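A.B. asks: Below you'll find the structure I mean.
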Amino acid sequence: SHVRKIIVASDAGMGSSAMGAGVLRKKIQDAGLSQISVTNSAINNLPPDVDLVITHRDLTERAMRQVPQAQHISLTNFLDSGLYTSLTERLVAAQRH
């Protein structure tokens, strides 16, 4: 049971989800974590095997519901680089640990 799956979800999963996914994905690849996979999809579609779910706070309630047993991270803004940076550092820390 290793956390390696990160998926971003949204209302339609065809807008903000695309950018969130790309940035996170790039950082993960840069960190040499080829073992971690990144994809995006609509909220209505989230595999129960997902370990990490990243969505906008306005829809985090929904994702939690589908899988309240999963780990959810809430965002505030689409380009909130500060939050993205913090989250990335954290995941890296959790990866080693």
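Just so you know, all these numbers are worked out from the coordinates, no wet-lab data involved. Here Cβ is always computed from backbone atoms with ideal geometry, including for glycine, and neighbour counts include all displayed protein chains.
A.B. asks: Describe numerically, in nm with one decimal, the distance between label points set 7 Å from Cα along Cα→Cβ at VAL92 and at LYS5.
C.D. replies: Placing both labels 7 Å along Cα→Cβ, they lie 2.5 nm apart.
A.B. asks: Each residue of the range 11-26 in order: what ³J(HN,Hα) in whole Hz does its phi give by Karplus 6.51 cos²θ - 1.76 cosθ + 1.60, θ = phi - 60°, with x for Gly and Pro?
C.D. replies: Here the 3J(HN,Hα) series is 3, 9, x, 9, x, 3, 4, 5, 6, x, 4, x, 5, 4, 4, 4 Hz.
A.B. asks: Gain in length, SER81 to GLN35, computed as 0.36 nm per residue apart minus the alpha-carbon separation, to one decimal in nm? Mind dumping the intermediate values first?
C.D. replies: Details: separation 46, 0.36 × 46 = 16.56 nm, distance 2.36 nm.
Working it through step by step, the gained length comes to 14.2 nm.
A.B. asks: Between Rg and the Kirkwood Rh of the range 1-70, both from Cα atoms, what is the Rg to Rh ratio? Present the calculation step by step, with values, prior to reporting the outcome.
C.D. replies: Numbers: Rg = 11.6 Å, Rh = 12.2 Å.
Checking Rg against Rh, the ratio lands at 0.96.
A.B. asks: How many nm separate the modelled label positions at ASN44 and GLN69, each set 7 Å beyond the Cα in the direction of the Cβ?
C.D. replies: Taking the two extended label points, one gets 2.5 nm.
A.B. asks: Taking Cα pairs under 8 Å and at least six residues apart, what relative contact order does the chain come out at, in percent?
C.D. replies: 30 percent.
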